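Quick notes on the structure that follows.
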Amino acid sequence: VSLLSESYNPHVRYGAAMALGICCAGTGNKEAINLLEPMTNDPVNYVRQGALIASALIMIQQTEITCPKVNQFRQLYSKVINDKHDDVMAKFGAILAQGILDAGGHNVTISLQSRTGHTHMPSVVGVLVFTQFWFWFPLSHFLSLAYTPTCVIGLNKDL
Amino acid sequence: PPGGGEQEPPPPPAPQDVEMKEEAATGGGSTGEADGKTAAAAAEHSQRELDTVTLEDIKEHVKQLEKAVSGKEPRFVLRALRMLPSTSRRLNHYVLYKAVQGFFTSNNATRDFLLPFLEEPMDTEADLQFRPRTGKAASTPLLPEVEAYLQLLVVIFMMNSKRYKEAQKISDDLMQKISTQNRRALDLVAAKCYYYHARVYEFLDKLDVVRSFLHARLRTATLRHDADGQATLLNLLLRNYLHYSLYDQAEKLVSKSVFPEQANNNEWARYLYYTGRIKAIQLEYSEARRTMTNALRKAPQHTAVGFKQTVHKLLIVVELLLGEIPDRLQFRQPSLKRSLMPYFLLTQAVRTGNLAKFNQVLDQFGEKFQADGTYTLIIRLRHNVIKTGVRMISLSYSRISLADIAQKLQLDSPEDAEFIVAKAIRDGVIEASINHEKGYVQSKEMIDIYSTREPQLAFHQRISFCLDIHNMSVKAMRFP
Amino acid sequence: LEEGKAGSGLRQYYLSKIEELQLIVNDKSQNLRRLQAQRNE
Amino acid sequence: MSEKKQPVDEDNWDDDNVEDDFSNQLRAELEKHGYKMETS
C-alpha cells in the first residue's frame with residue numbers, strides 16, 4: 001500500500017492510511033509509521049485526520065521507548081487542536097487520537113487476533129463500523145468493543 | 001654489469017605493488033560481495049575479474065622465472081588462515097614478505113615445488129568459505145603458466161591442476177546448491193579453465209573422456225543450477241566437435257532450449273559462428289547468412305586479434321554461394337588483407353562469369369584452402385559460377401543462340417547448353433521461353449508485379465525491427 | 001538422507017528459482033513503478 | 001575484450017567494385033583501344 005498512499009486523490013490516500021492503521025495496530029512496525037509521516041503533511045484536510053487516527057492505532061500501549069515518533073506525534077495532536085487557523089475537521093481526530101492512545105487509562109488495547117488463532121468478532125465488528133464516523137456520530141461508540149484488556153491474572157481457582 | 005645490475009631492481013616492485021593490491025581489492029572486495037548481494041550475481045567484481053585476468057595476460061602474467069617475483073605463486077596460496085578474524089594477521093604476513101624481498105634476495109620456487117604449494121590450501125585447513133577465491137588464487141599462477149609451453153613434466157602438473165580443480169569442483173557441487181552464488185562466479189572460471197583444458201589437450205591428445213566429464217557437467221547444470229555456465233559448455237562441445245567428425249550437426253537441435261539468456265554478449269554470437277559453419281554444411285544459406293552477419297555486427301570492439309578477422313573470412317563464404325555478394329574490401333584491415341590475398345583473388349574470379357578463371361584459382365591457391373578445411377565450398381560453388389554467367393547473359397541479351405553461347409562460357413558442347421537452362425527454369429533463374437528447332441533461345445522482360453510483393457516482404461522486417469528498437473529503448477529508459 | 005538433504009536441494013531450489021524469476025518480475029515491477037510515480041507527478 | 005575465443009587465433013569502395021571489374025577485364029585501356037583501329 002506504500003504506492004497507493006501516494007495516489008493523486010486524497011480519498012484513496014485516506015483509505016490507504018486506514019489500512020495501515022487497522023492492520024498494523026497490533027504490531028509495532030516502524031515502516032507503517034514511516035509511510036504515515038508525510039500523510040499529515042498533505043494540504044488536503046481530512047487525509048491529515050486519517051493520519052492522526054492511524055498513527056493513534058499504531059501507538060496503543062507503546063511508549064516512547066518503543067518507537068521514537070511517539071512524543072513527535074503527541075505534540076502534533078495538541079498543536080493542531082490549539083491553532084485556530086487549522087480546519088475543525090482535522091482537529092476533531094486530534095483529540096480523538098489522544099483518546100485512542102489513552103484508552104482505558106493506557107491499560108487496554110485492541111486485538112483483532114487472539115493468541116488462540118481466531119479473530120475476535122466484537123473487536124472487528126466495532127472497528128469496521130467505526131470506519132465512517134462522519135455519517136453517524138453515535139457509530140464512534142462501537143470502537144469501545146474493540147478495546148481488550150491486557151493483564152496478568154494470577155487467580156488460582158474459584159474466588 | 002653495473003648498468004644491467006642497477007636496472008634489475010626497479011621492475012619487480014611494479015607488479016609487487018599492483019598485482020599485490022589487485023586480487024586483494026578485487027578478490028577481497030568480492031569476498032564481501034559474496035557474503036551478500038549476491039544480486040544477481042553482481043558480483044560486479046566478476047566482470048572486474050575478466051578485466052584482471054586479461055590484465056595480467058598482457059603484462060605481466062605471473063612468471064617466468066625472472067628470479068624476483070616468482071615467489072608470489074606460493075605466497076598467495078599460503079595462509080588462508082583460517083577464519084576471517086584470523087585472516088588479518090595473514091594479510092599482514094603478505095606485507096612482511098615485502099621487507100624480506102627488499103632486504104635479502106627473493107626466493108624462487110616453481111615446477112616440482114608447486115606440488116606441495118597447490119596442496120597448501122588443503123594443508124592450511126582451510127580457507128574455508130570461498131572455493132572461488134581458492135580457485136582464483138590457485139589458477140591465477142596456473143592460467144598464464146600455460147604460456148610457458150615447455151611441454152616437459154609441468155604439463156602433468158597442469159593435469160594435477162585439473163585434479164586439484166576437480167577437488168574444488170566436488171566442493172563446488174556438494175556445498176551450497178541453494179542460492180549458490182559461488183557457482184555463478186565459478187562458471188566464468190569453469191569456462192576459462194575448461195577452455196584451458198582443451199588448450200592443453202590440443203598440445204598432447206584430444207580428450208575423449210574429458211568430454212564424458214564435460215557432458216556430465218553439461219547435462220547436470222540443467223535444471224538444478226545453470227547461469228551463464230551451460231552457454232559456455234555448449235561452445236566447449238561445439239569447438240572440438242566442429243573439428244572432429246561427426247553427427248554433432250543435429251546435436252544442437254536436441255540441446256536447445258536456445259540457450260537464453262544469451263551470454264556473455266559476444267560470447268553468444270561466436271556460438272552463432274560455430275553453428276554458422278555447421279548449418280552451412282546443410283547448404284542452407286538463408287539461415288547461414290544471418291547467423292554469419294550477426295556474428296560480426298554483435299562483436300565489438302577488438303583488438304585482439306585475428307579470430308575476429310577469421311570469422312569474417314568465413315562470413316562471406318555463404319554469401320558467395322548465394323550468388324549475391326558485396327565487395328569485401330570495405331571490411332579490409334591491414335592485418336587481414338595480407339592474410340586473405342589468395343582468398344581475395346578467389347572471390348575476384350568467382351564473381352566473374354569465366355569458368356576457367358575460377359578453375360585456375362583452385363589449382364594455384366588450393367594449398368591455403370587445405371589448412372582452412374574450406375574445400376567443402378569449392379565443389380558446390382561451381383553451380384553458382386555457371387548460374388551467375390547465365391544470369392548475366394539472360395538479362396543482357398534479348399535472344400541468344402545456344403550453340404554460340406557455349407564458346408564464351410567454355411561450355412564445350414551443345415548438349416549441356418540445354419541442361420543449364422533446363423535447371424535454370426526449374427529453379428526460377430530465368431523466365432525466358434526456349435524453342436528447340438535449330439535451336440534458339442529467346443528471352444522476355446516482365447515487370448509491374450515487382451514492387452507489389454518485394455517491398456511489403458521487406459517492410460515486414462523493417463517495421464518489426466523498428467518497433468524492436470522502440471522496445472529496447474524503452475527497456476533501458478525505464479531503469480531510472 | 002537422500003530424500004532429503006540432497007533432495008531438499010531441488011526442493012529449496014524451487015525457492016531460489018522462484019526468487020530469481022521473481023527478481024526478474026520485481027525488476028519489471030520496479031522499472032514499471034517508476035512509471036506510476038512519474039504519471040502521478 | 002580480449003576474453004574467450006579471440007586469443008585462440010561515399011565511399012571509394014562502391015566504385016572500387018567496378019574498378020575490380022576493370023582490373024580483371026579489358027585492362028584500362030589505351031593501347032588495345034588504339035591497336036583495334038588498324039586491325040580492320
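Each chain in the C-alpha cells gets a letter, A, B and so on, in the order shown; residues start at 1 in every chain, and ligands are counted from 1 in the order they appear.
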Chain B residues within 8 Å of chain D, counting only C-alpha atoms: which ones, as number ranges by chain? B: 50, 54, 192, 267, 270, 300-308, 327, 329-330, 348
Pick out the residues sitting within 9 Å of range 17-19 of chain C, and hand them over as JSON, numbers by chain; count only C-alpha atoms, and ignore anything fewer than 5 positions along from it in its own chain. {"B": [179, 225], "C": [12, 24]}
At a cut-off of 8 Å, using only C-alpha atoms, what residues contact range 11-18 of chain A? Leave out same-chain residues fewer than 4 positions from it and give the result as a PyMOL selection string. chain A and resi 1+4-7+22+36+39+46-47+50-51+54
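For chain D, a DSSP pass over the backbone yields helix (DSSP H, G or I) at residues 12, 13, 14, 15, 16, 17, 18, 19, 20, 21, 22, 23, 31, 32, 33, 34, 35, 36, 37, 38 and 39 of chain D.
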Would you mind exporting the chosen residues as a short mmCIF file (atom, residue, chain, number, x, y, z; two decimals), in the first residue's frame, restricted to N, CA and C atoms?
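What landed in again.cif:
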data_model
loop_
_atom_site.label_atom_id
_atom_site.label_comp_id
_atom_site.auth_asym_id
_atom_site.auth_seq_id
_atom_site.Cartn_x
_atom_site.Cartn_y
_atom_site.Cartn_z
N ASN D 12 34.90 5.24 -51.67
CA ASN D 12 35.58 4.69 -52.84
C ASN D 12 35.40 3.18 -52.98
N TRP D 13 34.79 2.50 -52.00
CA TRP D 13 34.66 1.05 -52.09
C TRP D 13 33.59 0.65 -53.10
N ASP D 14 32.45 1.36 -53.10
CA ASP D 14 31.38 1.06 -54.04
C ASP D 14 31.86 1.13 -55.48
N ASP D 15 32.62 2.17 -55.82
CA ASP D 15 33.19 2.26 -57.15
C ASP D 15 34.38 1.32 -57.31
N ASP D 16 35.04 0.98 -56.19
CA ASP D 16 36.16 0.05 -56.22
C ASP D 16 35.71 -1.36 -56.58
N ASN D 17 34.41 -1.66 -56.42
CA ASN D 17 33.86 -2.88 -57.01
C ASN D 17 33.97 -2.84 -58.54
N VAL D 18 33.52 -1.75 -59.15
CA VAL D 18 33.62 -1.60 -60.60
C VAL D 18 35.08 -1.56 -61.03
N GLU D 19 35.95 -0.95 -60.22
CA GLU D 19 37.37 -0.94 -60.54
C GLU D 19 37.94 -2.35 -60.51
N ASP D 20 37.52 -3.16 -59.54
CA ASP D 20 37.86 -4.58 -59.57
C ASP D 20 37.37 -5.23 -60.86
N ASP D 21 36.20 -4.81 -61.35
CA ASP D 21 35.76 -5.30 -62.66
C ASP D 21 36.70 -4.84 -63.77
N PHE D 22 37.26 -3.63 -63.66
CA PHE D 22 38.23 -3.16 -64.65
C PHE D 22 39.59 -3.82 -64.49
N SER D 23 39.92 -4.30 -63.29
CA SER D 23 41.25 -4.88 -63.07
C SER D 23 41.41 -6.18 -63.84
N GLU D 31 46.18 1.14 -75.10
CA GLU D 31 46.93 0.56 -76.20
C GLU D 31 46.05 -0.33 -77.08
N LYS D 32 45.32 -1.26 -76.46
CA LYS D 32 44.42 -2.12 -77.21
C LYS D 32 43.35 -1.30 -77.93
N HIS D 33 42.82 -0.27 -77.27
CA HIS D 33 41.84 0.61 -77.90
C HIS D 33 42.43 1.32 -79.11
N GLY D 34 43.75 1.52 -79.12
CA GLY D 34 44.45 2.08 -80.25
C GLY D 34 44.96 1.03 -81.22
N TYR D 35 45.09 -0.21 -80.75
CA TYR D 35 45.51 -1.30 -81.62
C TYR D 35 44.37 -1.87 -82.44
N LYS D 36 43.13 -1.74 -81.96
CA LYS D 36 41.97 -2.26 -82.67
C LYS D 36 41.63 -1.46 -83.91
N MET D 37 42.25 -0.30 -84.10
CA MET D 37 41.91 0.59 -85.20
C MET D 37 42.49 0.09 -86.52
N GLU D 38 43.76 -0.30 -86.51
CA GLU D 38 44.43 -0.73 -87.74
C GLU D 38 44.24 -2.21 -88.04
N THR D 39 43.71 -3.00 -87.10
CA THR D 39 43.43 -4.40 -87.38
C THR D 39 42.43 -4.54 -88.52
#
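Those residues of chain C that fall within 10 Å of chain A when using only C-alpha atoms read residues 33, 36, 37, 39, 40 and 41 of chain C.
Considering only C-alpha atoms, the residue among B:393, B:114, B:227, B:186 positioned nearest to chain C is B:227.
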Can you check which residues of chain B have any atom within 6 Å of chain C? Use only C-alpha atoms and format it as a PyMOL selection string. chain B and resi 178-179+478-479
Write out as number ranges by chain which residues come within 12 Å of residue 64 in chain A when counting only C-alpha atoms, dropping same-chain ones fewer than 6 positions away. A: 28, 70-74, 101
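Near residue 309 in chain B, within a cut-off of 10 Å and counting only C-alpha atoms, sit the residues residues 296, 304, 305, 306, 307, 311, 312, 313, 314, 315, 331, 332, 333, 335, 336, 337, 339 and 340 of chain B; 6 and 9 of chain D, with same-chain residues fewer than 2 positions away left out.
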Since we have the selection now, will you write its residues out, keeping N, CA and C atoms, as an mmCIF file, in the first residue's frame?
data_model
loop_
_atom_site.group_PDB
_atom_site.id
_atom_site.type_symbol
_atom_site.label_atom_id
_atom_site.label_comp_id
_atom_site.auth_asym_id
_atom_site.auth_seq_id
_atom_site.Cartn_x
_atom_site.Cartn_y
_atom_site.Cartn_z
ATOM 1 N N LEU B 296 29.454 -10.848 -36.754
ATOM 2 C CA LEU B 296 30.337 -9.696 -36.888
ATOM 3 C C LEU B 296 29.701 -8.447 -36.288
ATOM 4 N N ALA B 304 41.787 -7.839 -29.361
ATOM 5 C CA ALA B 304 42.596 -8.518 -30.366
ATOM 6 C C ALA B 304 42.067 -9.937 -30.620
ATOM 7 N N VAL B 305 42.472 -10.623 -31.699
ATOM 8 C CA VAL B 305 43.273 -10.088 -32.805
ATOM 9 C C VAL B 305 42.797 -10.650 -34.152
ATOM 10 N N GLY B 306 43.128 -11.903 -34.441
ATOM 11 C CA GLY B 306 42.921 -12.452 -35.763
ATOM 12 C C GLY B 306 41.693 -13.321 -35.903
ATOM 13 N N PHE B 307 41.101 -13.731 -34.780
ATOM 14 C CA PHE B 307 39.909 -14.569 -34.845
ATOM 15 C C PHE B 307 38.683 -13.764 -35.261
ATOM 16 N N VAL B 311 36.487 -15.045 -38.473
ATOM 17 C CA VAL B 311 35.030 -15.138 -38.522
ATOM 18 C C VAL B 311 34.491 -14.383 -39.733
ATOM 19 N N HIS B 312 35.155 -13.293 -40.123
ATOM 20 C CA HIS B 312 34.788 -12.613 -41.356
ATOM 21 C C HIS B 312 35.277 -13.363 -42.591
ATOM 22 N N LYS B 313 36.418 -14.057 -42.500
ATOM 23 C CA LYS B 313 36.824 -14.931 -43.601
ATOM 24 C C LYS B 313 35.704 -15.892 -43.973
ATOM 25 N N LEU B 314 35.115 -16.554 -42.977
ATOM 26 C CA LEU B 314 34.024 -17.466 -43.297
ATOM 27 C C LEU B 314 32.680 -16.759 -43.450
ATOM 28 N N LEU B 315 32.585 -15.481 -43.075
ATOM 29 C CA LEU B 315 31.325 -14.761 -43.234
ATOM 30 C C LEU B 315 30.871 -14.751 -44.691
ATOM 31 N N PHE B 331 35.523 -4.149 -45.575
ATOM 32 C CA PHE B 331 35.970 -4.662 -44.291
ATOM 33 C C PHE B 331 37.478 -4.860 -44.244
ATOM 34 N N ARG B 332 38.196 -4.394 -45.263
ATOM 35 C CA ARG B 332 39.630 -4.632 -45.364
ATOM 36 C C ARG B 332 40.373 -4.041 -44.174
ATOM 37 N N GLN B 333 41.199 -4.870 -43.539
ATOM 38 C CA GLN B 333 42.034 -4.498 -42.413
ATOM 39 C C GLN B 333 43.500 -4.719 -42.765
ATOM 40 N N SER B 335 45.913 -5.871 -41.065
ATOM 41 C CA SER B 335 46.361 -7.191 -40.634
ATOM 42 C C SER B 335 45.603 -8.319 -41.330
ATOM 43 N N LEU B 336 44.416 -8.036 -41.878
ATOM 44 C CA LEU B 336 43.559 -9.038 -42.513
ATOM 45 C C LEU B 336 43.857 -9.201 -44.004
ATOM 46 N N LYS B 337 44.105 -8.074 -44.679
ATOM 47 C CA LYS B 337 44.414 -8.056 -46.108
ATOM 48 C C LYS B 337 45.512 -9.057 -46.466
ATOM 49 N N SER B 339 46.428 -11.598 -45.039
ATOM 50 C CA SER B 339 46.046 -12.984 -44.805
ATOM 51 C C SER B 339 45.103 -13.521 -45.879
ATOM 52 N N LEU B 340 44.205 -12.692 -46.415
ATOM 53 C CA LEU B 340 43.255 -13.204 -47.399
ATOM 54 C C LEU B 340 43.611 -12.893 -48.851
ATOM 55 N N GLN D 6 38.771 -15.036 -29.042
ATOM 56 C CA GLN D 6 39.717 -14.354 -29.919
ATOM 57 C C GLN D 6 41.191 -14.648 -29.642
ATOM 58 N N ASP D 9 42.955 -17.777 -32.025
ATOM 59 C CA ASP D 9 43.645 -17.494 -33.290
ATOM 60 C C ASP D 9 43.789 -15.989 -33.517
#
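Within 6 Å of residue 229 in chain B there are residues 187, 226 and 232 of chain B, counting only C-alpha atoms and ignoring same-chain residues fewer than 3 positions away.
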